[PDB]
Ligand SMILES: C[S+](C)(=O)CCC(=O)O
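In structure tokens, one chain follows: the form solved without the named molecule.
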């Protein structure tokens, strides 16, 4: 089983969002609920200017691949700047946030070692 996706592929999928991540939206591109894939899952997120993926963690490791714009990554309390062309490693349980303080859309893919997004349990900062 092999397949290809881009944003246009999922025009029909409405965006996901939540009060807790204001200015943030996302769609699933590789996910067991959608594609019947397994082992890895991937979504595409947008953080609007002024937007904030607020400090959180979860049990699986995560990789973010930044594709547009720039932001302040919050590495469990140490701030660092990220931008298009960066990849990021977030070990499980590690608290991370990402704010878009620029004027361009901060776009990135994420990846989890799981079949589905929905099997990933989110927790607010301690």
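Positions refer to the first chain, counted from 1.
Asks: Mean C-alpha B-factor higher for 33-41, or for 89-97?
Replies: Result: 33-41.
Asks: Using the entry's values, work out which of 61, 82, 47, 65 has the largest Cα B factor.
Replies: Among 61, 82, 47, 65, the PDB entry lists the largest C-alpha B-factor for 65.
Asks: When the modelled residues of the chain are sorted by Cα temperature factor, does residue 15 land in the lowest, middle or highest third?
Replies: Its C-alpha B-factor belongs to the middle third of this chain's values.
Asks: Considering every modelled residue of the chain and its Cα B-factor in the PDB entry, is residue 21 in the lowest, middle or highest third?
Replies: It belongs to the highest third of the chain when residues are ordered by C-alpha B-factor.
Just so it is clear, the following notes concern the form solved in complex with the named molecule, a form of the same protein that is not shown.
Asks: Since only the chain is shown here, I'm wondering whether residue 96 would be in contact with the named molecule in the deposited bound form (any heavy atom pair within 4.5 Å).
Replies: Looking in the deposited bound form, residue contacts with the named molecule include residue 96, since a heavy atom lies within 4.5 Å.
Asks: Using the partner position in the deposited bound form, report whether residue 45 sits within 4.5 Å of the named molecule, counting heavy atoms only.
Replies: The answer is yes: residue 45 has a heavy atom within 4.5 Å of the named molecule.
Asks: With a 4.5 Å heavy atom cut-off, would you call residue 62 a contact of the named molecule in the deposited bound form?
Replies: Residue 62: yes, in contact with the named molecule in the deposited bound form.
Asks: State yes or no: in the deposited bound form, is some non-hydrogen atom of residue 56 no more than 4.5 angstroms from a non-hydrogen atom of the named molecule?
Replies: Yes - in the deposited bound form, heavy atoms of residue 56 and the named molecule come within 4.5 Å of each other.
Asks: Heavy atom within 4.5 Å of the named molecule in the deposited bound form: which residues of 65-91 meet that condition, in order?
Replies: The stretch does not touch the partner at all.
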